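Undergrad: Need the 3D shape of this:
(chains A, B, C and D, ligands or ions: 16)
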Amino acid sequence: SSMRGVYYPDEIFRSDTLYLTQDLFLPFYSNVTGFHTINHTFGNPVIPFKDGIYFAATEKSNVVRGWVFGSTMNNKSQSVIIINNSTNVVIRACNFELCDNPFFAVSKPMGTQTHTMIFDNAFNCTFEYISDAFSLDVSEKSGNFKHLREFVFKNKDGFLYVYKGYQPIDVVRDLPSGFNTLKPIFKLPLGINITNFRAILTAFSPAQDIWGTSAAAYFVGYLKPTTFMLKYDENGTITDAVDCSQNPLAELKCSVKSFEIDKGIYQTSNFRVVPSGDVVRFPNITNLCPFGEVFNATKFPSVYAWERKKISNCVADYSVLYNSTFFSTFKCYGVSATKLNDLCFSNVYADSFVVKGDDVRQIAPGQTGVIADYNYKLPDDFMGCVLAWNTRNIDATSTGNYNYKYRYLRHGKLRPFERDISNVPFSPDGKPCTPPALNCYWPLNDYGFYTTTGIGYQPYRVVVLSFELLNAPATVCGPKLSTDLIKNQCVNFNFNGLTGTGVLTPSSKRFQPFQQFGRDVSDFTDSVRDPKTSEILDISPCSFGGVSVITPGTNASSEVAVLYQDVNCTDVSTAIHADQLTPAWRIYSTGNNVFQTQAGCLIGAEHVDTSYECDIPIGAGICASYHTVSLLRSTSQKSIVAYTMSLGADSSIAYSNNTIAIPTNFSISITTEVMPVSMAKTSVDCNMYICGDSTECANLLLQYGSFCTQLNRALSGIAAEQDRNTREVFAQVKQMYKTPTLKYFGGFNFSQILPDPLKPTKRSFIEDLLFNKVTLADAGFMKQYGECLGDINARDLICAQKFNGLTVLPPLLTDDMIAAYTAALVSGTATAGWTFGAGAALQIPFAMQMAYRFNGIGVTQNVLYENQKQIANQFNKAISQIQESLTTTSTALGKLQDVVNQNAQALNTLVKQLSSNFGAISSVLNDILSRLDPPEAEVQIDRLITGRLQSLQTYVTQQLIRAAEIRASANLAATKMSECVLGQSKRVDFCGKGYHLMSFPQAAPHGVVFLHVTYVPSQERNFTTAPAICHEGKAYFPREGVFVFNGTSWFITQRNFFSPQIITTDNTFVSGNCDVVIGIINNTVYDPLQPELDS
Amino acid sequence: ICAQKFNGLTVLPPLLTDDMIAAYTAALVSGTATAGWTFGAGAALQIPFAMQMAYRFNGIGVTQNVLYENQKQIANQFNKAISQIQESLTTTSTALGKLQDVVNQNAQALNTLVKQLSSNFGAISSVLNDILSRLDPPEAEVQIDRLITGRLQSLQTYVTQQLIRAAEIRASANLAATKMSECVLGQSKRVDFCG
Amino acid sequence: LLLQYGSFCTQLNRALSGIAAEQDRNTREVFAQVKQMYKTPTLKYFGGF
Amino acid sequence: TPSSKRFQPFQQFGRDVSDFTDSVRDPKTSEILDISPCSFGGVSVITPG
Ligand SMILES: *[C@@H]1O[C@H](CO)[C@@H](O)[C@H](O)[C@H]1NC(C)=O
Ligand SMILES: *[C@@H]1O[C@H](CO)[C@@H](O)[C@H](O)[C@H]1NC(C)=O
Ligand SMILES: *[C@@H]1O[C@H](CO)[C@@H](O)[C@H](O)[C@H]1NC(C)=O
Ligand SMILES: *[C@@H]1O[C@H](CO)[C@@H](O)[C@H](O)[C@H]1NC(C)=O
Ligand SMILES: *[C@@H]1O[C@H](CO)[C@@H](O)[C@H](O)[C@H]1NC(C)=O
Ligand SMILES: *[C@@H]1O[C@H](CO)[C@@H](O)[C@H](O)[C@H]1NC(C)=O
Ligand SMILES: *[C@@H]1O[C@H](CO)[C@@H](O)[C@H](O)[C@H]1NC(C)=O
Ligand SMILES: *[C@@H]1O[C@H](CO)[C@@H](O)[C@H](O)[C@H]1NC(C)=O
Ligand SMILES: *[C@@H]1O[C@H](CO)[C@@H](O)[C@H](O)[C@H]1NC(C)=O
Ligand SMILES: *[C@@H]1O[C@H](CO)[C@@H](O)[C@H](O)[C@H]1NC(C)=O
Ligand SMILES: *[C@@H]1O[C@H](CO)[C@@H](O)[C@H](O)[C@H]1NC(C)=O
Ligand SMILES: *[C@@H]1O[C@H](CO)[C@@H](O)[C@H](O)[C@H]1NC(C)=O
Ligand SMILES: *[C@@H]1O[C@H](CO)[C@@H](O)[C@H](O)[C@H]1NC(C)=O
Ligand SMILES: *[C@@H]1O[C@H](CO)[C@@H](O)[C@H](O)[C@H]1NC(C)=O
Ligand SMILES: *[C@@H]1O[C@H](CO)[C@@H](O)[C@H](O)[C@H]1NC(C)=O
Ligand SMILES: *[C@@H]1O[C@H](CO)[C@@H](O)[C@H](O)[C@H]1NC(C)=O
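TA: Residues are numbered from 1 along each chain as shown, chains lettered A, B, ... in the order given. Ligands and ions are numbered 1, 2, ... in the order given. Below you will find the coordinate block:
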């Protein structure tokens, strides 16, 4: 059950793109419940709806005649019902009864069950709807069960969204894997709380007699919040999709925004081990609150004696007091007594006294009147609570205890707590209130009656307490639990309020008796004393690191291996140790065969002992590749392997005390070198980029001062310099030499590297390959497999960007002007050699110019003229192999392609940061200016302006760095132009490789390419040799070259090319005597004069 | 390197280990001792080391016989001067200043990025658990926005420093790779370029 | 809260990954210029040197 | 402007690759219009001394 159930996410849709989005999609390869349904295996069972469902059925005649959705679908509350009349869909919102197989199928008069609506039977029809032909569209296709009706139902924001598609079927009870996309049909506003549903067969048993047909098949699968990448075509159609959760390859190609991936290692996500448990530790129990005084005095205070306090820095036993069977009543006005058992506060205020049983009615926090107002009533502003217990048995007396008097009225004491406590004739609001004279009065009844009085009289001792809540330190709390300790696992933990997540370990970390926990050199905490055991624990973080995917090209294989960076494989997954296959959907996006490296834990690759060159790099000398490994596995004999890299081919120079190796033959070579020279010249209208023509944003921007001019000054410097770079590399020629008619000098064929006038455009044939094989921002093209041609996007628009305040500007020299400078340099080089790089250009025959370039590398001139046929044939062949190479693959042009790709990523990141929220209510200025008043809109806009302006400073700073990095390559290229092309550099490996003969420049987009011509000696003899020779009395030494032995005879030769010559007075010089030199051999030096004296 | 791998910061291994680097230096020296310049341009062609030296003497414009007639003095001065390099490198710490500086600058940048975690940025604390326990959410988010903006400005600062320092090391690596091809594989005549 | 600022924690990782890959390019371009691994000679002493 | 956007019967308007709005279905009578920004740019002044 897979690749079903994708729908167009909304109505805003658009052409030819990869769009990555989050929604309640059906995740790929989840198990759908197939209700295979047949006669006795039969019913319409109610099913939970959850977050929404993919639903499908094998169908034609609308056998699934409808659906019912709601909380209950039968009683009290409204329900949505959807029914196929024989033509059309019916919708109602009514609270239907549906006690059985649902057959309340009564319908309106105009085409009953056929056109006008059905299920009329209920009591709250707040919505009703008639469709057109939405049951005939099912009935259109040929034969029942030979088609699948396919739907998504999702409920959010008070809307039921309905999407559908309808497709052919071959198996009457299966759900095929064929990809198709559902269209939206409805966004029903009905607001119903759907949590359950059922399909409707409405007592049907179809005349489509496959089984007698109290039977069908239908399918339910739950939607889940998942990230899909959706691929649109040029008609705005979804054509493909990727569930980014499924496996590490799906995650990779979502992260890369592509459906195809090249061979490489890619970073995709962070691994971060979750905690297994929780550890809470607190000290030995101590500092119990002094409640025994307030609560457990043997005889309590009278109403007027009223013992009272406030208490702090203590642990409250209130859980016990609440758990106590004693108290006749207790009430909290504040937060519930059930939580005061464990809650924390800055302090408590507490007091105690007595009442005749009746007056407990008035004493509470939240309660006031002339009883409590004139002997104890507290302010109702604390977390106040009140408790009562038996005075009737203890501190009562049978007369009524005349010491435990009644409340002492004093109407004028309006203030809380003061609420006249006092034993005084004081009852009025303001009369003189001495002792007993006729001005003033005292209620003086007895409260404390004994337990044999009626249950009204029966008096209570009473306590009130009042907890105080502040941001200040909570000096009172209920008791707190300590857990078991959990060593050697990632856990949550808490000491005395030092909370974290980590791995707790036993430790050797000695520290002083007064110290509770250790910091480290970073000043993060790393060790703690256990408050109960006094164990010295050491804390380290739970394992985390980058996750990287190792892949061949997806072109070649969809197998992948995964590297968890830096971690020990012991911490990594509860795996199943197959090579090749990650059980990834369930197991850690990964889940299989394991290997350890210093880079971290490597999964799914096989370790191989045979070394190879490094294909995909990993670290610490480990590399990976896609390789044949076991012929027993059929084509899957190719798997990902990991190995220690080979440094190079092993070799053994046979060092000899008296042997020298000298070349007998040579090979000409042509080597490409590719260099970047300039970036895309860019500018940004910062006031449009920030504000989008919001006038109010344009006002607020001015407060920041120079920035919008400063950034444009900086980019104008970078932009001007791209023309300086391009000018300094190419404009080294003094004069524009005309390209000659004859393209062929002394057998050497230039016709592929000069322009051709007979066949426009006006570039060399090799420049046409080079201008083809590069991708601009998304215009142009290049691919490493060799499977691409023609621009991937609009060229005069680069791909997009020219509409967001961003702009890109033309170069000063057009590509035709660059191709005119290379045509000038090559035609000058072919007709005049080094001379135009010093004086004026001097004509010289190309064969002679080559002989003097051979002479420059220490190969004597005659070697060229005697071999000119071979040298021309090797040159002409090597030029043709450059065309074959550039035609085959663009992998040589990677440097020029990268200059574009970095600039594309720089602009696309700068554009994406426009959409970013930055802690405003919205990233859209029209929202902020419509939803709010100006004094709030200013703060919202200021957050956007600050975010956007910081985003521009980032981009221009990246471009300053990148421009400086490109300038270093423009200066190096300008140097190679002067030294390699205009001359013959002797700097080893500066121009080409081997001995340097000459070089030709060629134009390329954003760069230059050099074709270096070099001479490589390539076959060698191995000769006996001597440092000097002794003739008569004296050592003779070679003027140039080496003395070597031909097996027969001693000869002298140049050491770049074996050319054995007679040893003579001409090619040797004398020094010293025969004894001085080590290992001098004894042989004749010939004299050209002696036979002429003998004449 | 201190502890490092334990606050989101991490340091990764190089591809070539020091034991692989030390194989390439041994290959380059033993090529230079037995085949001279030849393995740069062609394949390695074996040559007796005294004759290789006589041709390198001819390259500076001193006639070959000045070597052969003095070979004992020249070998003694060579063996002597190599031993002084070993003695000097045994004795003094100051010679490798450029390489120790590369370590020190990275150590300072990371320890600055680390200290900025403890910085307050005008919030009520630099600890998220203080903010999340002392306040209700409408206040807590604004106090966290101060820390997030502070910490994110500190990362954008650090990455910009490393981008500049990486270009400064690259300009040294390109020069060093050039001294390899010109000074080791050959006999470059550029005055005071090689020694 | 960190999601609201968009790209930056991806962008910073791409920049550090670029610098990190280049350290192997620098180290390779200096040392890996030799064509073949020439085995070190048994004799350490040549013509007196 | 009038446009060649082929966009589907349920769709109302198009976003570009950067997801700014680029085209719309006229709600009073269903033409497919395409929207481009009003002209903007740098001004530069060219001068002798
Ligand atoms: C999903 O699993 C159930 C049993 O849990 C099975 O009956 C059903 O056929 C499976 N789905 C499919 C498409 O086969
Ligand atoms: C939705 O309906 C179910 C079933 O009666 C009920 O448990 C749930 O609390 C309801 N939720 C709402 C938001 O009404
Ligand atoms: C209410 O619940 C009973 C349960 O037996 C059911 O028969 C009845 O159809 C439901 N609906 C109404 C509106 O009574
Ligand atoms: C219809 O629905 C409302 C709640 O939406 C309920 O109060 C009312 O009693 C219902 N009426 C009948 C007759 O079922
Ligand atoms: C777009 O839809 C039309 C429908 O006739 C079809 O002809 C065409 O091939 C489709 N694709 C493209 C890329 O135009
Ligand atoms: C108190 O500390 C001692 C220290 O030895 C320990 O044994 C005991 O378990 C602790 N008791 C409580 C109640 O924490
Ligand atoms: C003592 O403690 C009990 C149990 O919590 C409490 O109900 C009672 O009121 C207190 N006072 C006396 C005098 O027992
Ligand atoms: C006392 O507290 C415990 C808490 O676990 C509870 O199980 C018990 O039922 C309580 N008893 C009374 C008398 O409140
Ligand atoms: C890549 O796939 C194409 C077909 O899509 C095929 O022609 C080509 O040979 C493949 N190349 C490799 C190296 O896998
Ligand atoms: C990794 O875990 C193993 C135990 O499975 C342990 O022996 C080893 O020391 C740990 N560390 C490393 C770096 O391998
Ligand atoms: C050099 O090698 C080439 C290889 O094609 C061969 O044709 C030629 O005869 C050789 N030249 C000499 C002078 O040995
Ligand atoms: C020069 O080389 C090109 C290579 O394609 C060839 O077409 C042309 O005929 C050659 N001309 C001569 C005169 O050899
Ligand atoms: C080359 O010649 C020498 C004598 O000078 C001989 O000893 C040696 O074995 C030969 N080497 C090869 C590679 O043929
Ligand atoms: C070089 O020696 C060979 C045999 O090794 C001999 O045939 C030849 O004549 C000698 N060369 C010359 C120029 O005489
Ligand atoms: C090396 O050559 C010298 C003369 O140049 C000689 O004295 C010595 O014996 C030779 N070494 C060997 C191993 O033959
Ligand atoms: C060898 O040396 C002697 C004495 O210097 C000299 O006569 C002789 O000519 C030399 N040998 C040859 C073959 O020239």
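Undergrad: And residue A:136, its phi and psi?
TA: Main-chain dihedrals, residue A:136, degrees, to the nearest 10: phi -70, psi -30.
Undergrad: nearest spatial neighbour of it, skipping sequence neighbours?
TA: Nearest residue to residue A:136, sequence neighbours excluded (CB to CB, 6 or more residues apart in numbering or on different chains): residue A:87, at 5.9 Å. Where C-beta positions appear, they are placed from N, C-alpha and C, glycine not excepted.
Undergrad: Now do the contacts for that neighbour.
TA: A:111, A:114, A:115, A:132, A:133, A:135, A:136 (CB atoms under 8 Å, 6 or more residues apart in numbering or on different chains).
Undergrad: now with 6 Å?
TA: By CB atoms under 6 Å, 6 or more residues apart in numbering or on different chains, the contact set of residue A:87 is A:114, A:115, A:133, A:135, A:136.
Undergrad: Most neighbours of all the residues you listed, which one?
TA: Most neighbours among those, by other CB atoms under 10 Å in any protein chain shown: residue A:135, with 22 neighbours.
Undergrad: correct me, but that one touches residue A:84?
TA: Yes: using CB atoms under 6 Å, residue A:135 is in contact with residue A:84, at 4.2 Å.
Undergrad: what touches both of these two?
TA: Taking CB under 6 Å, 6+ apart as the contact rule, residue A:135 and residue A:84 both touch residue A:62.
Undergrad: And for whatever residue of the stretch 51-200 of chain A ends up closest to ligand 12, the neighbour number?
TA: Residue of the stretch 51-200 of chain A nearest ligand 12, by CB to the nearest ligand atom: residue A:179 (48.1 Å). For residue A:179, the number of neighbouring residues by other CB under 10 Å comes to 13.
Undergrad: which SSE is it in?
TA: Under DSSP states H and E, no helix or strand contains residue A:179.
Undergrad: which residues sit in contact with it?
TA: Residue A:179 touches residue A:3, counting by CB under 6 Å, 6+ apart.
Undergrad: That one and residue A:748: what is the separation?
TA: Noted for residue A:179: a distance of 59 Å to residue A:748, by CB to CB, to the nearest Å.
Undergrad: With residue A:397 instead?
TA: Residue A:397 is 136 Å from residue A:748, where distance means CB to CB.
Undergrad: circling back to that earlier point, how close does the residue of the stretch 51-200 of chain A closest to ligand 12 get to residue B:79?
TA: 77 Å.
Undergrad: Does residue A:184 touch residue A:163 like I think?
TA: Yes: between residue A:184 and residue A:163 there is a contact under CB under 6 Å: 5.2 Å.
Undergrad: can you list the contacts of residue A:87 in a markdown table and add secondary structure and distance to ligand 7?
TA: As requested, the contacts of residue A:87 are exported to a markdown table (DSSP: H, G, I helix; E, B strand; the rest coil; distance: CB to the nearest ligand atom, whole Å):
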| residue | secondary structure | distance to ligand 7 |
| --- | --- | --- |
| A:114 | coil | 77 |
| A:115 | coil | 77 |
| A:133 | coil | 78 |
| A:135 | coil | 74 |
| A:136 | helix | 79 |
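Undergrad: The top strand by length along chain A: partners in the sheet, and parallel or antiparallel?
TA: What stands out as the longest strand in chain A, according to DSSP state E, is strand A:1007-1026. The strands beside strand A:1007-1026 in its sheet (DSSP bridges) come out as strand A:659-676 (antiparallel), strand A:995-1004 (antiparallel), strand A:1042-1045 (antiparallel).
Undergrad: residues in contact with it?
TA: Residues from elsewhere that reach strand A:1007-1026, judged by CB under 6 Å, 6+ apart: A:660-667, A:669-671, A:673-677, A:729, A:896, A:973, A:991-992, A:994-1002, A:1043-1045, A:1081, B:42, B:45.
Undergrad: now do stretch A:25-44
TA: Contacts of stretch A:25-44 with the rest of the structure, by CB under 6 Å, 6+ apart, involve A:1-2, A:5, A:54, A:173, A:198-199, A:201, A:211, A:214-221, A:223-224, A:226, A:228, A:243, A:246.
Undergrad: Also stretch A:92-112?
TA: Residues from elsewhere that reach stretch A:92-112, judged by CB under 6 Å, 6+ apart: A:73-74, A:78, A:81, A:113, A:116-128, A:190, A:200, A:202-203.
Undergrad: buried set for that stretch?
TA: Across stretch A:92-112, burial judged by 16 or more other CB atoms under 10 Å in any protein chain shown covers A:92, A:93, A:94, A:95, A:96, A:98, A:102, A:104, A:105, A:107, A:108.
Undergrad: what distance separates it from the centre of its chain?
TA: 52 Å (CA atoms, centre = their mean, to the nearest Å).
Undergrad: and if you look at stretch A:65-74?
TA: 42 Å.
Undergrad: quick revisit: does the next helix-or-strand element following the longest strand of chain A reach ligand 16?
TA: Next helix or strand after strand A:1007-1026 toward the C-terminus (DSSP H and E): strand A:1029-1030. Yes: counting by CB under 6 Å from any ligand atom, ligand 16 is contacted by strand A:1029-1030 at residue A:1030.
Undergrad: Just the residues contacting strand A:1029-1030, thanks.
TA: Outside strand A:1029-1030, the residues within contact range by CB under 6 Å, 6+ apart are A:1036, A:1074, A:1080, A:1081, A:1082, A:1083.
Undergrad: Could you grab the helix/strand/coil label for residue A:1074?
TA: At residue A:1074 the chain is in coil, as set by DSSP: H, G, I helix; E, B strand; the rest coil.
Undergrad: Quick check: bridge partners of the nearest residue to it once chain neighbours are set aside?
TA: By the measure of CB to CB, 6+ apart, the closest residue to residue A:1074 outside its immediate chain neighbours is residue A:1030, 3.9 Å from it. Note on residue A:1030: beta-bridge partners by DSSP bridges are residue A:1035, residue A:1082.
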